[PDB]
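Student: What follows is a structure written as structure tokens; I'll ask about it next.
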Amino acid sequence: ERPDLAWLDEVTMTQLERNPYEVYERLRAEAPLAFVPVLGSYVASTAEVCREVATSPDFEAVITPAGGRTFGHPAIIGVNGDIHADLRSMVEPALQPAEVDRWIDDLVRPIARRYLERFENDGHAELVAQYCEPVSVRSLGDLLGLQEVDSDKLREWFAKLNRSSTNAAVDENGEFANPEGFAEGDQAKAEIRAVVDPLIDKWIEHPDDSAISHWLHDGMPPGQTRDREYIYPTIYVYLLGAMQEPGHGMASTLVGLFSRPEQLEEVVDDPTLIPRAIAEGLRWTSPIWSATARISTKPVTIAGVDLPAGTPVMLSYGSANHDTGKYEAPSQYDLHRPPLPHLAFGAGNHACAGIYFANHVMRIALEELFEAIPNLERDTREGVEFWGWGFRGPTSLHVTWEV
Ligand code: HEM
Ligand SMILES: COc1cccc(CO)c1O
């Protein structure tokens, strides 16, 4: 409907999944708030608009259409008011910085060592499948109480939930263009229920120190637990992004460092720079790229667009983190960029609840990797492909080292 943006009618979902940065570079210049037809939604592409929408008192959280189809209600990302406050109070205890500092090292470092010892003498590895994803899912899985669920299964689940919740394409009538793409999300949820329902049965009667046991029991009257249907959508939210993103963030950081070999050497020589390297990695390729949204609660004007009440806006934080109003040459990974604010963890009342935990998981994993394989090199015979619009990360990362 906006005439000068008629080129957006020809943008495809495949194009956005393969590489969204060219389209979003145009959006940031032409229309920082723009209706993208294949997504069926307004999209915020600049840091200023994303931050305004994410923190505005005239917006509240809304789940994306494909996210709602995947997760249902009450997904912590899609609710507000009293339910959101309860769900935040439910998840926040184990994520509190003082609590994380008590046990994060004894959690992650032995896991990292376990996966490293499977390949650290091979001279070759595919780090996404062999290290970054396993460490990410095993760390969170143990925290949650899913010790018995193999890392391969956790990885499969987040992949299916990723594809289902980002199955956003709509057709000429605004209907989902690929409804069969939700089937694997439904199958993952069915498998998750089969594994987790017996665990919940047990935790209700025999609480333990697992996070999900605490979700059932914390803050409840004596002998009562939160209904499992009330907490399952947030379990699913964890089994997608909480499981996937630390691995994506570590992997993207490594790809970025490999692209700047002098900076890789600096970080290997001085591991106190790992946190800075990760923060630049998250800006450079944001793991949660465009997966959340807000909805206006009253008429509002944003970036010159008059929006009615009830208008959803997707928050494309991954684009905002390449805003050239803020960053010079943002498509280049640069460890020595000044430590400016970034939006890879979102903003506002629905900002990431697990930042401190996530940053430590990624730090410890990279510390142990560089200690075990100080002469790590990228295998330049193999290409690194990034994939994803909603969630983005490298699909593989082949490396080599002299043994
Ligand atoms: C590098 C890793 C991670 C990144 C980049 C990331 C990023 C994000 C982003 C962008 C959001 C949406 C915020 C918004 O809509 O403004 C979010 C939400 C959330 N994340 Fe993180 N996340 C990461 C890891 C984790 C982990 C490991 C956990 C749990 C242990 C977690 C828990 C949550 C929760 C509960 C929410 C929903 C907050 C709410 O809607 O109130 N995240 N995260
Ligand atoms: C913590 O996990 C998530 C954070 C933000 C969005 C989603 C799914 O859309 C997630 O699963």
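We number chain A the way Swiss-Prot does; in order, the residues shown are 5-407.
Structure determined by X-ray crystallography, 1.8 Å.
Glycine residues also receive a Cβ, built from the backbone N, Cα and C atoms like all the rest.
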Student: For the heme site that Swiss-Prot gives with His88, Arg92, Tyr321, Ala351, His354, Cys356, which of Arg117, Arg118, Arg298, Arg382 also belongs there?
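Tutor: As annotated by Swiss-Prot, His88, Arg92, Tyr321, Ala351, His354, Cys356 share the heme site with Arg298, chosen from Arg117, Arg118, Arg298, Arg382.
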Student: Just name the winner among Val241, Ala351, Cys356 (the binding-site residues) by count of other CB atoms within 10 A of its CB.
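Tutor: The largest 10 Å Cβ neighbour count belongs to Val241.
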Student: Check the Cα-Cα distances from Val241 (substrate binding site) to the binding-site residues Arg92, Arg298, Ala351 and tell me which is shortest.
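Tutor: With Cα distances computed to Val241 (substrate binding site), the winner among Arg92, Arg298, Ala351 is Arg92.
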Student: Where the criterion is a Cβ under 6 Å from an atom of ligand 2, which of the binding-site residues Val241, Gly245, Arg298, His354 meet it?
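Tutor: Checking each Cβ against ligand 2, the ones under 6 Å are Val241, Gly245.
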Student: Looking only at DSSP and grouping its letters into three states, which state does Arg298 (heme binding site) belong to?
Tutor: strand
Student: Out of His88, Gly245, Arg298, which of the binding-site residues is least crowded by other Cβ atoms within 10 Å?
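Tutor: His88, out of the binding-site residues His88, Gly245, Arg298, has the fewest neighbouring Cβ atoms within 10 Å.
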